[PDB]
Structures are given as structure tokens and as C-alpha cells.
Amino acid sequence: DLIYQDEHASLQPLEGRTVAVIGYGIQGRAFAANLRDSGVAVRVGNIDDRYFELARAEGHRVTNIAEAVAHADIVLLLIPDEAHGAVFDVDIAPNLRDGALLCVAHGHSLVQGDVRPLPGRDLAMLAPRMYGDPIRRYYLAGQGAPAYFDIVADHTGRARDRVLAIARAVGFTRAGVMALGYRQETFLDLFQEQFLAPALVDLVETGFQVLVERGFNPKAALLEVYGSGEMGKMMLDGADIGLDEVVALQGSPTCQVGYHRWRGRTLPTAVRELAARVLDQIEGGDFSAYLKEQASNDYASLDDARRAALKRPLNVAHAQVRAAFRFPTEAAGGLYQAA
Amino acid sequence: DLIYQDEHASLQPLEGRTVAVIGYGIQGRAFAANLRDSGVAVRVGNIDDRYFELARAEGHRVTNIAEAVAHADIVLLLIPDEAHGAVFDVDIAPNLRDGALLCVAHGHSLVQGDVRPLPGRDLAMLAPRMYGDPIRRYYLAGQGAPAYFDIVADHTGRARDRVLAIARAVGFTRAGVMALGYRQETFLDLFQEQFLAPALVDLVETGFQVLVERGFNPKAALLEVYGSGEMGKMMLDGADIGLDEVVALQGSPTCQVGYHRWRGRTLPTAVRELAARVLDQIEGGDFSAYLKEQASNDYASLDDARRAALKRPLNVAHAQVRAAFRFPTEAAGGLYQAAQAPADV
Ligand SMILES: NC(=O)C1=CN([C@@H]2O[C@H](COP(=O)(O)OP(=O)(O)OC[C@H]3O[C@@H](n4cnc5c(N)ncnc54)[C@H](O)[C@@H]3O)[C@@H](O)[C@H]2O)C=CC1
Ligand SMILES: NC(=O)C1=CN([C@@H]2O[C@H](COP(=O)(O)OP(=O)(O)OC[C@H]3O[C@@H](n4cnc5c(N)ncnc54)[C@H](O)[C@@H]3O)[C@@H](O)[C@H]2O)C=CC1
Ligand SMILES: C[S+](C)CC/C(O)=C(/O)C(=O)O
Ligand SMILES: C[S+](C)CC/C(O)=C(/O)C(=O)O
Ligand SMILES: [Mg+2]
Ligand SMILES: [Mg+2]
Ligand SMILES: [Mg+2]
Ligand SMILES: [Mg+2]
């Protein structure tokens, strides 16, 4: 494996260059904020929506996407994946300067051919393994989250150092930036979203529902399965020292004996089988077809799913617990303004 | 529900009283540290092992258990649950002053009858919903983790305000301290440890195993299922705003569409049926009998299981990833030393 940390990257390739951040969403806002604080010239390209106004409110040079691209040496396409094709064809490809670098943060539009190499230009993936708020918070604490990168097309022969310069400016090299093919990244990322995340929340919810059914205090049931923060602390500490090691170090002997009674014994064969079926849906194009249908509406079906999830017993209990118990938080106002 | 925060508790009941922390392990160290920093007279009772020397290194007044109890108004029994019976019979019961309060941090020894009410004395549970390091880190940031409490025996009639005074001094009232019966706490706590924690790690491990079998880069597989910290951040942010809400707020539309394709649909009935089986084993005494067997030869079988778990593919991959990728950590050196705060803090 090729893994790049700060010792393996430099801001030198960004000297005298302008980065156009296309989109000012979860990733775009974090990239724009960290690039600016790292002393990189940055401008934002965005359509006429609330994100345009937010970028203006946070002191950025904001224009339509075509104008941002026409005035940029490096272009980061940080909008939803189903929107890449139309924005690439209409706004990006006609305005991308000779020798300019275009980056995506997910392989999906590359796999589908909605973003393609252009003669005379560079194309890459820099895919963070983290959502925006923590990328921003880590950055300000002198920390970073991991990322994967791939050099898809390199006309200039300088794409690798320019991609890794962006990665250093945004903080990912403080953890590590590993070479991984855009196709593998696509399938791996979608697998985490479609198998692991829903199975994890379904498992937490199953614990909650069995306890409430069996006559346990619903607030206490919600607190134990995640609401206390304990199970989240175990998973985040586990990223540092190992999940079994969190139990060995931090668990009472009562806890450790119970945990090891059931470790490797809790799940039916159906879980491993579902994992394989989800990968079949991803690798074979079935999920990509489903996503295209879901987007064809401005995501009307997703809006209905989001609203329905808030009515589930776990989420009704969440609101009751959160109103009754203070959770440790840090103030987020002004997080994305200039340091 | 009865939920106490800082405005429902005071340190007044600890004025002129001494707290004996019995044990200096995961909970004992956090209780002793937070009590000292809250200005409470605290001493540590411990056997002759490494924890005695750690308590001394960290600046505490340390003695054997009998001596600590004989000189205390409030006694916190923060040693492993299977050890409560012998220590209670030999060291605590003969030395507990008239009107003293004994507290446990888990209901198990009360359920088993290894710790019992004593004439003229108070007995309570104060059970943190968190392990020691976060209790300590939260305390130093002016924050706390939740706890459950129960008043089991109240000779004095002042047990409730003394238990909540301890909870305020240690930080739990900054989140909330809720009344919950010691028997319910026991079964609920053991259920989290025996169903939920191993099922969560088994699921992460299953994701890792299938990805490696299907030809994915093992470091990348390990990072996505937990190693990046992303899934832990989602669970911890989820504690604040809700788990479905984290996806709605922080997920790309691609992520949200994929998540909601399977949300509420991933698990067959065998999972909730196994959860009920674990609860049956807990409620009916089967786990309690297993625990007593396992505590034989000082938990020899658990030592074997711990060592064996380090060599599982997930943990071999963990070591490879953690050597290749830097993870954001905060320095832990001196975390449990006295923490004098400057004017700005
Ligand atoms: N959300 C995350 O934390 C991560 C996302 N990514 C990738 O980063 C990229 C950005 O995703 P997010 O930041 O989550 O998206 P988002 O949902 O936050 O995107 C909002 C932004 O997209 C723009 N936008 C939306 N529809 C548009 C359209 N039709 N035409 C032009 N602009 C449009 C909005 O104006 C706004 O600036 C995606 O390729 C995603 O897969 C990868 C790593 C993590
Ligand atoms: N570990 C945790 O974060 C939590 C633990 N608890 C409860 O807190 C209590 C303490 O558990 P932990 O701190 O995890 O235990 P631990 O494993 O850290 O206990 C170590 C301490 O116990 C003492 N000890 C061990 N065996 C002994 C014996 N035979 N006689 C006398 N002292 C002995 C040691 O000298 C040391 O002071 C238990 O009742 C546990 O259920 C409840 C909430 C969370
Ligand atoms: C990793 S956590 C579930 C261990 C800390 C905790 O809350 C307990 O009840 C215990 O250790 O017995
Ligand atoms: C809760 S996390 C898995 C969402 C952030 C993330 O890593 C993505 O790949 C995405 O949003 O598309
Ligand atoms: Mg991702
Ligand atoms: Mg426990
Ligand atoms: Mg517990
Ligand atoms: Mg994604």
C-alpha cells in the first residue's frame, strides 16, 4: 500500500493557483474553510440556492459554477453524485483550462462515465473517510481524518503532487492518504452506507425494542443502546485501540465475562448473506439504477423515508431522552468562518 | 421518571463527611479523582496490588479496606461484583459506622444477596452509564455522563441527598441522574454487555470479513467498518441528535438513498429472538452462576479469551491500520492527578 502523511506532501504545488470548490454542502464547506485557513486561494461555484448565500455569509468569493471553473487551476466537484453528469457536460468541461485538475470525492460518477477524462487535463479522486463537521473540527485541532486517492488521468504529469497538496491543505495527510482505485472506493463506500450503517442502527433499535417490550424503562433502554454516548465512545475509542481492547481495558470483570460469553455468537448466517447480496446489488449496477430513479424526483421518496423514520419508537424515545438529559456538546456557531 | 440535575442536588450533605473509595480501578479512580477535585474529603481503601501503588502515585491517602471503612461516613464499593460478598462480610460490615452510607455502582451483588442492608446503616446504588476515562474527561470539561440511582435501605432518612451529593461531586447531575430499581439496572446493564456490545462488534467484524473475502483492500475494509472513526462519530453524534438524523444531516443524497433502501429491513427475527434468550439467561440466574464459575482461579478463562481475541483477523488488521494511519487522540498522562483550574477555566 502507498500511504501519504504530511512528510510525503507539500503546499508548494498550490503556490499561485486558485482552487474552485463546486458546491458548499457537507464536504464543500469543509474543503473551502480548511483551504482558506491553509493560505490557499479559494473561490466557490454554486447554483442559486441557500448554499450560495451561506458561502457569501462565510466571506467566500461566490459565483455560478461556469465562472468559478473558468477562473480555477484545480476544480473540486463537491455536489451530489447524480448531479455530476449535467454539471460536468454544461458547466465544467467547456470551461476547464488546459492543464487544470478536476477532483471528485467519490468514484461513482467515474464508474458510470458521467465524469470522464478530458484531453489536456488531469482527473483524480480524493475521497475523505469522514463527514464535514469532524473534518473541520479535526483541522482546527491540528488533526485530520483518512482519505483514499486515485490518479485517473494525468496529462500534466503533476496530478499526484497537486491532489496530495489539496489533501495536506484540508488535513487528510495528518491521518494518512492511501492509493485506492476509484471503482473499489465506490463499491466499498456504498457497502458501508447500505449494509453496515443500517444494520448497526437496526441492531441498536432491536436492543431498544426488546428491552421496552420486556418492561424496561424506555428512557433507560434508549440510554443504554446509544443515548448515553457509551456505545459511541466504545466505537470511537475502538478506532484507536481495537474494539475487543476497549472491553479488556474499560470493562468490569462482570462486563468482560458477559461480552466474551456471546462474542462471535450473536448473529445469524443471514447477516453475512445480506452483506454479500448488498455487494451484488452494488457491483452489478442495481443500486446505481435505484439511485437514478430516486434522484429523478429531487429525491421525493427519500424525503418521505426521512419523515417516516422520525415517527419510529426509537426516535420518539430519543426526543424524550434528549429533553430530559443534557448531552456534552461544543458550540458550532462560526466553525466555518476564517481562523 | 425522577431525573436529578445540578439544581436538584447540593454538596451540603458532604460537609464534614469523609468518603472511602473501596477500589481504585476503572470506576474507583474516576470517583476518587472527581471527588478530590470537587473539594470532598476522600480516602482510598485497597488490597496490596498495583492499584494501591497507583492511588499513592496519584496523591491519595491509601490504606487497607477495613481501615478506610472504619474512618468513613460514606463507602463506595468499586471492586468487581463477584468480590463484593467476601469483602462485605470480612472488611465492610464489621467496620461500617452507625448512620454510614454504603453505595454500589451495579445492582448485581444486591440481587445475589452478597451485599445486604445492615441495621442502623444506609444502602444505595449509584450506577454510571459510562466507563471511567470519559467520566473523568467530561468532569474536567464541566460536563458529565448520566447515572441511575436507587435507595435500598435508609435508616438515617438522609440517604437520597447523600447519594445525589456524591453524584453532583462526580459530575453525573450535569447530564441527569434517574431513579431506577437496582434489580432492573442489573438486568439492563448485563443485557447491553451480553447482547448489544458483542452484536455490534460481531456486525463490524462480519462487514470486515465479507469485504476481505470479496477481494477488497483489508486496510480500507477495516477503516470503513470502524477504523476511520466515522462509524463511532455517527454513534456519538447520534447520542446528541438521533441516528437517522445524523444520516439526514451529514450524508450525501447517495448515502441517504442507500441507507434508507435497507433501514429497518436488515435483520431477520433470529436477532430479536437471541436478544430475548440473553435476557432469559440474565433474569433467571444462569449468567450469575456462569460468572461465579468464571471468577475461579482469578478469571483464568477470561484471560485466555482476551489473549485469543487479539489474534482474530479484525484485530490483526487493526494493528496494521493503526501503525499506518495516525488517529486523533488527547494526551492521558496525569488525567487522574489533582486538576487545579485557572481563572479562564
Ligand atoms: N457527505 C459527506 O460527508 C461525504 C460526501 N462525499 C462526496 O462528496 C460529494 C458532495 O457530497 P455532499 O457534500 O454530501 O453533498 P450535499 O448534499 O451537501 O450537496 C449540497 C451542495 O450541492 C449543490 N447541488 C445540489 N444539487 C445540485 C445540482 N443539481 N446542481 C448543482 N449543484 C447542486 C448545492 O448547491 C450545495 O452546494 C459527493 O460526491 C459525495 O459522494 C464523500 C465523502 C463524504
Ligand atoms: N467498569 C466500568 O466502567 C463500570 C463499572 N461499574 C461497577 O463498578 C464496580 C467496579 O468495577 P470496575 O471499576 O470495572 O472494576 P476493576 O476491574 O477496575 O476493579 C479493580 C479494583 O478492584 C480491586 N479488587 C479486585 N479484586 C479484589 C478483591 N478480591 N478484593 C478486593 N479488592 C479487589 C482492585 O484492587 C482494584 O482496586 C463494579 O461493581 C462494576 O460493576 C459500573 C459502571 C461502569
Ligand atoms: C464498554 S462499557 C459497556 C463497560 C463499562 C460499563 O458501563 C459497565 O457496566 C461495566 O464495565 O461493567
Ligand atoms: C454517516 S457517513 C457514512 C456519510 C459521509 C460519508 O462518508 C459518505 O461517503 C457520504 O455521505 O456519501
Ligand atoms: Mg463515505
Ligand atoms: Mg456493567
Ligand atoms: Mg454499564
Ligand atoms: Mg458516500
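Within every chain, numbering begins at 1; the chains are lettered A, B, ... in the order of the sequence lines, protein sequences first and strands thereafter. Remember, it's 1-based here, ligands and their atoms both numbered in the order they're listed.
In this structure, B/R261 fails the cation-pi test against A/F287, since its NZ or CZ atom is not both closer than 6.0 Å to the six-membered ring centre and inside 45 degrees of the ring normal.
Applying the side-chain hydrogen bond (donor to acceptor under 3.5 Å, both in side chains) test to residues at least two apart or on different chains, the pairs with a partner in residues 171-183 of chain B are B/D6-B/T173.
A donor-acceptor contact closer than 3.5 angstrom is absent between the side chains of A/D237 and A/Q250. Side-chain polar atoms of A/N34 and A/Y336 form no donor-acceptor pair below 3.5 angstrom. Between the side chains of A/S288 and A/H108, at least one donor N or O sits under 3.5 Å from an acceptor N or O. For the residue pair A/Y290/A/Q194, the side-chain donor-acceptor check at 3.5 Å is not satisfied. In this model, a donor atom of one side chain and an acceptor atom of the other lie less than 3.5 Å apart for B/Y259 and B/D244.
Residue B/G251 places a heavy atom under 4.0 Å from ligand 4. In this structure, A/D189 counts as a contact residue of ligand 4, since one of its heavy atoms falls inside 4.0 Å of the ligand.
Take a cut-off of 2.8 Å around the Mg ion (ligand 7): the protein N, O or S atoms inside it are B/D189 OD1.
When only non-hydrogen protein atoms are considered, atom 1 (C) of ligand 4 lies nearest to B/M234 SD, 3.9 Å. For atom 11 (O) of ligand 4, the closest non-hydrogen atom of the protein is B/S252 N, 2.8 Å. In terms of protein heavy-atom proximity, atom 7 (O) of ligand 4 is nearest to B/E230 OE2, 2.4 Å.
The A/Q192 neighbourhood of ligand 4 comprises atoms 3 (C), with distances under 4.0 Å to a heavy atom of that residue. Applying the 4.0 Å criterion to heavy atoms of B/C255 picks out, from ligand 4, the atoms 4 (C), 10 (C), 11 (O), 12 (O).
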message = Applying side-chain hydrogen bond (donor to acceptor under 3.5 Å, both in side chains) to B/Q192 and A/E230, what does each step give before you reach the verdict?
response = CA-CA 10 Å; B/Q192 192 223 49; A/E230 190 174 36; 2.9 Å; yes

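Annotation for B/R326: atom CZ does not count as buried by contact number, only 12 or fewer foreign heavy atoms lying within 6.0 Å.
At a heavy-atom cutoff of 4.0 Å, ligand 4 is contacted by the side chain of A/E193 but not by its backbone.
Taking only nitrogen or oxygen atoms, main chain and side chain alike, A/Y131 does not reach within less than 3.5 Å of ligand 4.
Taking both residues in full, the closest heavy atoms of A/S109 and A/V104 are given as OG-CG1, 4.1 Å, listed atom of the first, atom of the second, then distance.
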